[PDB]
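Visitor: Coordinates for the following, if possible.
(2 chains)
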2 protein chains.
Amino acid sequence: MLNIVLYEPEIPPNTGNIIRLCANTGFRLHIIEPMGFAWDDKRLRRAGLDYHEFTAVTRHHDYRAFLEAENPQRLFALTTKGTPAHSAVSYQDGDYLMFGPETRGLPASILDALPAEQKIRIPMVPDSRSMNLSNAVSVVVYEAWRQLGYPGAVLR
Amino acid sequence: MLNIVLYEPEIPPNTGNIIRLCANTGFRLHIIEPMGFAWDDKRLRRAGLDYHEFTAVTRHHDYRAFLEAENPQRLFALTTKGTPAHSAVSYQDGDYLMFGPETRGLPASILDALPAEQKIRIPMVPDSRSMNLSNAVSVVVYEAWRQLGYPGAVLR
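Guide: Residues are numbered from 1 along each chain as shown, chains lettered A, B, ... in the order given. Now the structure:
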């Protein structure tokens, strides 16, 4: 059982896409408030999300409340200032995978809470530009899920 | 050198995200006309694309013209009716990776042009819903690029 964590997400369709992604992969989604948009925002549901897809989602008032509710064994953070490629890490049951907003990525007070080797990065060519957030989460999730042999996936 | 192929893409921000992705990974992008939107569409550039990112992109009048210009050694197609998981395949230099529109995915006349083991699928949990197209391309691309050891990526 793997978990995605969105810190203060900013752009409604990214979060809509990531809810779909969690539904397709069996991962749980954690959202750390405050978000830059309302759940009621029409842009969120342009995706055509079913009711069932929201039952995987947990809202946390802030980062401390998330840590108290969830008590993550291992917490990874995607950051461009990170050392190992996200595929150089060995994922395992109960890992939480954490992402910052489309603009900022994650605050120092959160990144400093993590050892260096839990701060991962998605490889890029020199002089890259920022990646769409839901693309980044997809890559990170599927590589993890692959490492685990895709438990829960239709085998046919 | 790997190549992404979008068949008649439909939704401008997906193509904008995929142009960014090609810029970040060094892949070339091929687009098979007709597209469901104009290059001039404001929705395409909400991404904040630089001029240089368009120099990786080639427009093809149709699928036959693409095959005549590019002469792909190996052509893969993502389809939900496909047998191997996209990670069960061994990618290599000069592979073309082909995707259908956000709605339809690819016409029979194109899929029939391909052997079974070049028709790949992204694993999903039972009773999945459709995946955002630029998420799907990202997963397929990064898994390929990983297999190749990320040639061209900043090693630091």
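
Visitor: who in chain A is up against chain B?
Guide: A:13, A:17, A:20-21, A:23-26, A:47-48, A:50, A:53, A:85, A:87, A:122-126, A:128-129, A:131-132, A:134-136, A:138-139, A:142-143, A:145-146, A:150, A:152-154 (Cβ under 8 Å from any Cβ of the partner chain). Where you see a C-beta, it was placed from the backbone N, CA and C, and this is true even at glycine.

Visitor: buried subset of those residues?
Guide: Buried by 16 or more other Cβ atoms under 10 Å in any protein chain shown: A:13, A:17, A:20-21, A:23-26, A:47, A:53, A:85, A:87, A:122-125, A:128, A:131-132, A:134-136, A:138-139, A:142-143, A:145-146, A:150, A:153, out of the residues of chain A next to chain B.

Visitor: Sort out for me which of these are in strands.
Guide: When DSSP state E is applied, those are split such that none fall in strands.

Visitor: Please flag which of these sit within helices.
Guide: A:13, A:17, A:20-21, A:23-25, A:134-136, A:138-139, A:142-143, A:145-146 (DSSP state H).

Visitor: for the residues you listed, which one is nearest residue A:98?
Guide: residue A:136 (11.6 Å; Cβ to Cβ).

Visitor: list the contacts for that closest one?
Guide: By Cβ atoms under 8 Å, 6 or more residues apart in numbering or on different chains, the residues touching residue A:136 are A:78, A:99, A:122, B:138.

Visitor: okay if I get those residues as a markdown table plus distance to residue B:35?
Guide: Formatted as a markdown table, the contacts of residue A:136 follow (distance: Cβ to Cβ, whole Å):
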| residue | distance to residue B:35 |
| --- | --- |
| A:78 | 31 |
| A:99 | 30 |
| A:122 | 28 |
| B:138 | 20 |
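
Visitor: any idea which of those residues is closest to residue B:113?
Guide: Checking the contacts of residue A:136 against residue B:113 by Cβ to Cβ gives residue B:138 as the nearest, at 25.0 Å.

Visitor: Please determine how far the closest one is located from chain A.
Guide: 4 Å (Cβ to the nearest Cβ, to the nearest Å).
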